[PDB]
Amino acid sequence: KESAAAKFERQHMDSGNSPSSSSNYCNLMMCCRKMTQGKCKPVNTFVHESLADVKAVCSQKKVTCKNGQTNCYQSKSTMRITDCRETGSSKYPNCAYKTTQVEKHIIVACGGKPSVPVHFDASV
């Protein structure tokens, strides 16, 4: 069972950082969205457009998937996204990321019925 001391540090300590940072986004979001458990996911992109806009990409430009599958689609317009990339300093479990705000076209794999995004392939 997590110690009371450890619980206090988890719930109440942020030594660490300040809320006024813009660059801590990936650190917190990768943790929030459970991509730092077991190991640090090295690269992950968050999309800030609406879910409807991202789902719409599945009806947009058919493109080659980086993994050679044939179910990828490129957005017709650039989207506001954030790339989270694990730093060289980063060491599990202290997963550290650089946050890069970008506006690029996204490529996603679509699947299911209705066809919706199931994998983020790349940005271009």
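Rigid core here is just the name for the largest C-alpha set that superposes within 1.5 Å across the two forms. Start at 1 with the first residue shown and count on from there.
S.K.: How do 104-112 and 6-14 compare in 6 other deposited structures of this protein: which one has C-alphas farther from this form after the rigid core is matched?
M.R.: Most displaced of the pair in 6 other deposited structures of this protein: 6-14.
S.K.: Mean C-alpha B-factor higher for 104-112, or for 21-29?
M.R.: If you average the C-alpha B-factors of 104-112 and of 21-29, the larger mean comes out for 21-29.
S.K.: Going by the B-factors listed in the PDB entry, is the mean over the C-alpha atoms higher for 38-46 or for 79-87?
M.R.: Between 79-87 and 38-46, it is 79-87 that shows the higher mean C-alpha B-factor.
S.K.: Mind checking which third residue 54 falls in for C-alpha B-factor across the chain?
M.R.: Its C-alpha B-factor, which the entry lists for residue 54, ranks in the lowest third among residues of this chain.
S.K.: Can you tell me whether residue 7 has a C-alpha B-factor in the lowest, middle or highest third compared with the other modelled residues of the same chain?
M.R.: It falls in the bottom third of the chain.
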